[PDB]
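Here's the structure, in structure tokens; my notes come after.
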Amino acid sequence: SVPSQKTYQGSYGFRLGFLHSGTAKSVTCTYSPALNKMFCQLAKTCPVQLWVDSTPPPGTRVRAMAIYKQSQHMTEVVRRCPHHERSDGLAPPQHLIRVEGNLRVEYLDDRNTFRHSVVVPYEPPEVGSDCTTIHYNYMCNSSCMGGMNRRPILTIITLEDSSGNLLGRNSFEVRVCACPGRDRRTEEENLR
Amino acid sequence: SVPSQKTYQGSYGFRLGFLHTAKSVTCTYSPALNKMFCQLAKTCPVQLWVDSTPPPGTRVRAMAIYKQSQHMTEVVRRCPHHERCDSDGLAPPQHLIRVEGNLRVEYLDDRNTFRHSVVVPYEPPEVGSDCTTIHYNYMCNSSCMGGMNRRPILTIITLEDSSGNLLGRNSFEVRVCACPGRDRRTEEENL
Amino acid sequence: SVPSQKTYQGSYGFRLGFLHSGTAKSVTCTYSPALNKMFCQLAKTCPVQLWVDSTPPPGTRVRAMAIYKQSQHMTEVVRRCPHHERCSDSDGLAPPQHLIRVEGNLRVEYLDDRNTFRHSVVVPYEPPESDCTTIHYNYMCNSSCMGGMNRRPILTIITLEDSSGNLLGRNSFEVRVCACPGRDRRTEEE
Amino acid sequence: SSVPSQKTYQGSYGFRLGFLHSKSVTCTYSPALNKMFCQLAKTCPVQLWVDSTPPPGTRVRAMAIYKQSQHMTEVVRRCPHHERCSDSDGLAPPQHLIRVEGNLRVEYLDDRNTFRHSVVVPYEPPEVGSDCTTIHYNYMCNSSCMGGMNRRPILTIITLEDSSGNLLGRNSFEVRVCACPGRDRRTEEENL
DNA sequence: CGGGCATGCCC
DNA sequence: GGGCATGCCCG
DNA sequence: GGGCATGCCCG
DNA sequence: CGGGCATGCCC
Ligand SMILES: *C[C@@H]1C(=O)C2CCN1CC2
Ligand SMILES: *C[C@@H]1C(=O)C2CCN1CC2
Ligand SMILES: *C[C@@H]1C(=O)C2CCN1CC2
Ligand SMILES: *C[C@@H]1C(=O)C2CCN1CC2
Ligand SMILES: *C[C@@H]1C(=O)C2CCN1CC2
Ligand SMILES: *C[C@@H]1C(=O)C2CCN1CC2
Ligand SMILES: *C[C@@H]1C(=O)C2CCN1CC2
Ligand SMILES: *C[C@H]1C(=O)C2CCN1CC2
Ligand SMILES: [Zn+2]
Ligand SMILES: [Zn+2]
Ligand SMILES: [Zn+2]
Ligand SMILES: [Zn+2]
């Protein structure tokens, strides 16, 4: 079954935050609140903030998974194109989404659905901060032929206990493109 | 190594011909550039013109190479995406160049140079015709990532005997694109 | 014995020309007239123009050779550093030890001189398509490489030769291979 | 190549390392980073402290590995320039990064199975009136050497072993070989 | 930092 | 055919 | 000890 | 694009 994308704050008040990087043409990543859509470049750092009202228990994990947004493509596993599949020392070459700068990263190929995901332990924010940040990398362009092939995707962020039970969920659309600033302005202008 | 490009009409007067830039054209040839513009997997007719007919057993080989000397040693092959596609029943999935409509087509993977080539027997022109046309197919765009990767290529057409000895050679540049008529006008106007 | 660097226009009025690309920090190759010095990045295209008053005969060749500019280093052969001489930058035609390559010419020829041990690269002269024939040189080590040039400045000598090697003309220019030619040209000119 | 263990192991003899007290200085050790900053080919003293005297024939082996997990499987060796510099003392083969000075009983190993380099000397008990044994190490490449360590930080693994090579103890410390150890220690400390 | 264009694709 | 979608070369 | 030389990084 | 850091080296 297609994994759920429904927003769910859960008993810890789980919410996502994003950096507000603007729409300069050269911007490596930028988030559009009006679209709830992240625009980023291939393999560049894509910060995602985790916000909670109450700290989840030790053993809590944070999983990221991509699915196709269009209903006719939702049952197809999101994976890297054959060119980019051919790197780093921790992530499987087939996985679209990586976590950088975290040696506790763990990747999953699902036994039943064959979907890819990446999971890290939830770590509480630093003494001064009010949120925890994960540095994601997207390893294919949305336009990659033989891969996403111009099909829009969503990234589903799930807060899990140690057993994998759901504690909270949030999602956002992603476009991996060469020009995130240009493309965000173009789509937001097309809301008019 | 690097195969020869030298035009060589040889003992039989071997030369190439091409049919005769709108944005609908499946293929278009530029005499000014000696360059064929064609779309992926669409008919690319090349005419064989000879002054004298070659003997029975003569073969016609086609091979692609990169035009730039910095890439000329790299084997031209299909990109990873299209390699994973669309066979006609005989063409191996990694070969860039195919021949359509010839049951006697042979595809060669050289055991030593690793270069790909496609070979058909030479047929004399039909009654009333003064040339023999072979319908080639290019199975990747010049821009295909992980393949030609926007590098221009040349197609080398060689006339060979059954033993592989050279009888004649010609060549032409080729760009496999989505809008051949458009790119031909741009290149001819950027000179 | 050090190869000659004496400018000689010869019977064909042989001069060099360079593209004027400014001093932006990311410029891949820029020429300073005040210094007669080329600032370029490693393995990037460095255009050198050949200007002649009359077309030299067929068979004419164009050779490029690097020598150290300082007199106390002039007898040392300019070569790549031990690190770079082990890469795979091949290009299919160039020797791994040679500092200077020509890109985009299948008729390129490289020489290790049997007597002087010096490296040079030669291409056939081809008439302009332009008022000038351009050769695309690549320099395969930074001026600062340890065990190679080691921050010593070099001169590139361009010689026009007939098919037998006789001198038809000669010109030269200083070269710095660096990460940021735009920044370094400004610093050296200041 | 498989990565040698870095696990601290005091062993039956309570083996531990010590360092002398610390911008013109040739070497300096930072307790906050467990990191040694030293100059190329300069004396880098390392103290051996034991609670009990190991048996005769015990040896002390030093081996370098890259600290980052990405480069951990790569053998640490001298850059091509320094390997050709012929700056040998007469004992160390030119490819070895780590040398021992002032000990003619030194032995250098090019492991036939792992291809790792190491340098080993006999363990000498502390002299009368002393509490530790000092080995004077030399590092023959800067951390920044192109074609060698190439700005990748390394760890030095010191092992105590018997005559046959069996492990008796292990410690480790990060090391940066640079031109100005005092400047670079101050810089790295001040970034924490 | 990115302007300008290459190149697939849709109307 | 006009124009958009979307990557990238070189400063 | 400043401070420059110079490869590199970062968007 | 430049700003500026990393880092060997010079006064
Ligand atoms: C949104 C709802 C809930 O509150 C839980 C988790 C997700 N769905 C179904 C049950
Ligand atoms: C949009 C992207 C960028 O960030 C710069 C300017 C245009 N493209 C390629 C490089
Ligand atoms: C969400 C948190 C904070 O409180 C500040 C700004 C972004 N992160 C890290 C520090
Ligand atoms: C040039 C090509 C074609 O053949 C049609 C019309 C314009 N483009 C895309 C489809
Ligand atoms: C040298 C010649 C010319 O006259 C211009 C500038 C560079 N080349 C080609 C065109
Ligand atoms: C000067 C060099 C370059 O060309 C760019 C900008 C600054 N450095 C590194 C990348
Ligand atoms: C840091 C190093 C030193 O040890 C002295 C002073 C500054 N540099 C070069 C010499
Ligand atoms: C081992 C220890 C001692 O006993 C003195 C000499 C060396 N080290 C510091 C002081
Ligand atoms: Zn891809
Ligand atoms: Zn393809
Ligand atoms: Zn070098
Ligand atoms: Zn070194």
Side-chain angles (χ1 to χ4, degrees), chain A residues 19 21-22 24 26-30 39-45 140-145 148-150 175-183 186-187 190, chain B residues 22-23 25 37 39-40 140-145 148-149 152 175-183 186-187 190, chain C residues 19 21-30 39 41-42 44-45 83 141-146 149-151 176-188, chain D residues 25 37 39-40 141-146 149-153 176-184 187-188 191:
Chain A
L19 293 187
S21 325
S26 211
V27 75
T28 65
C29 86
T30 183
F39 298 76
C40 59
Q41 298 174 329
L42 199 166
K44 302 325 256 271
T45 299
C140 265
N141 283 323
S142 294
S143 58
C144 271
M145 78 181 325
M148 288 180 284
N149 201 24
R150 298 187 170 193
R175 171 192 179 86
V176 192
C177 49
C179 285
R182 171 186 72 190
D183 294 356
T186 295
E187 185 168 358
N190 276 318
Chain B
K23 243 178 116 157
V25 299
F37 298 78
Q39 291 173 344
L40 203 162
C140 275
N141 290 313
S142 294
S143 61
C144 271
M145 183 178 41
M148 283 175 288
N149 220 123
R175 170 187 174 96
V176 195
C177 46
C179 288
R182 171 187 69 176
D183 296 356
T186 297
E187 185 161 359
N190 278 339
Chain C
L19 285 190
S21 54
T23 58
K25 198 172 186 179
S26 51
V27 73
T28 56
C29 171
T30 182
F39 294 81
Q41 291 181 352
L42 198 162
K44 292 313 214 300
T45 307
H83 165 66
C141 269
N142 291 319
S143 288
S144 61
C145 279
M146 303 185 310
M149 289 178 283
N150 189 235
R151 302 162 208 81
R176 172 186 172 94
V177 195
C178 53
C180 292
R183 168 188 64 181
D184 291 353
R185 177 183 160 189
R186 289 192 172 143
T187 297
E188 294 207 354
Chain D
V25 74
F37 300 79
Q39 298 176 329
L40 204 163
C141 266
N142 290 313
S143 296
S144 59
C145 275
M146 57 172 352
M149 287 178 288
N150 200 37
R151 292 166 280 116
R152 295 172 295 186
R176 170 186 173 90
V177 193
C178 53
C180 292
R183 177 191 64 180
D184 294 357
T187 303
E188 188 168 339
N191 287 327

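Just so it is clear, the values below take in all heavy atoms, side chains as well, and ignore hydrogens, waters and symmetry mates. Here is how names work: the chains are called A, B, and so on, in the same order as the sequence lines, proteins then strands, and each is numbered from 1.
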Q | Atom-pair distance (CE on B/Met148; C1' on E/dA6), nearest Å | A | 16 Å
Q | Nucleotide pairing, DNA chain F (Watson-Crick or G-U, distances under 3.5 Å), in dot-bracket with [ ] and | | A | ||||||||||.
Q) Given the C1' atoms of E/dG2 and G/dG11, what is the spacing between them in whole Å? A) 12 Å
Q: Can you tell me the distance, in whole Å, between the CD atom of B/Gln39 and the P atom of E/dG8?
A: 10 Å
Q.
Tell me the closest heavy-atom pair linking A/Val27 and A/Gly181, and the distance in Å.
A. CG1-N, 3.5 Å
Q: Measure the distance from NZ on B/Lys23 to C1' on E/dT7 and round it to the nearest whole Å.
A: 10 Å
Q: Using modelled atom types only, decide if a donor and an acceptor are shared between the side chain of D/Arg152 and the backbone of D/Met149 within a distance under 3.5 Å.
A: yes
Q) Got C/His83 and D/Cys145 here, is their nearest side-chain heavy-atom distance under 4.5 Å? A) no
Q | Donor-acceptor pair, side chain of B/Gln39 and main chain of B/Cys177, under 3.5 angstrom | A | no
Q | Nearest-angstrom distance from the residue atom CZ of C/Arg186 to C1' of H/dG2 | A | 9 Å
Please write out each protein N/O paired with an N/O of nucleotides 8-11 of chain G under 3.5 Å, distance rounded to 0.1 Å.
none

Q) Rounded to whole angstroms, how far apart are CG on D/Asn191 and P on H/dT7? A) 11 Å
Q: Figure out the CZ/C1' separation between D/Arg152 and H/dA6, and round it to whole Å.
A: 16 Å
Q) For the residue pair C/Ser21 and C/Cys29, what are the closest heavy atoms and their distance? A) OG-O, 2.6 Å
Q: Provide the distance between the two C1' atoms, one in G/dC10 and one in E/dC1, to the nearest whole Å.
A: 10 Å
Q. Quick one: D/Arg176 CZ to H/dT7 P, roughly how many Å, whole number?
A. 4 Å
**Q.** Distance-minimising heavy-atom pair for C/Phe39 and C/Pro181
**A.** O-CB, 3.4 Å
**Q.** Residue pair C/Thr30 / C/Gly22: nearest heavy atoms and the distance that separates them
**A.** OG1-O, 2.7 Å
Q: With sequence neighbours left out, write down each residue that passes side-chain contact (heavy atoms from CB on, under 4.5 Å) with A/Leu42, or none if nothing qualifies.
A: A/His84, A/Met139, A/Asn141, A/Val176
Q | B/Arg175 vs B/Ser142, side-chain hydrogen bond (donor to acceptor under 3.5 Å, both in side chains): CA-CA, chis, key distance, verdict | A | CA-CA 6 Å; B/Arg175 170 187 174 96; B/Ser142 294; 5.9 Å; no
Q) In whole angstroms, how far is the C1' atom of G/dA5 from the CZ atom of C/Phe39? A) 13 Å
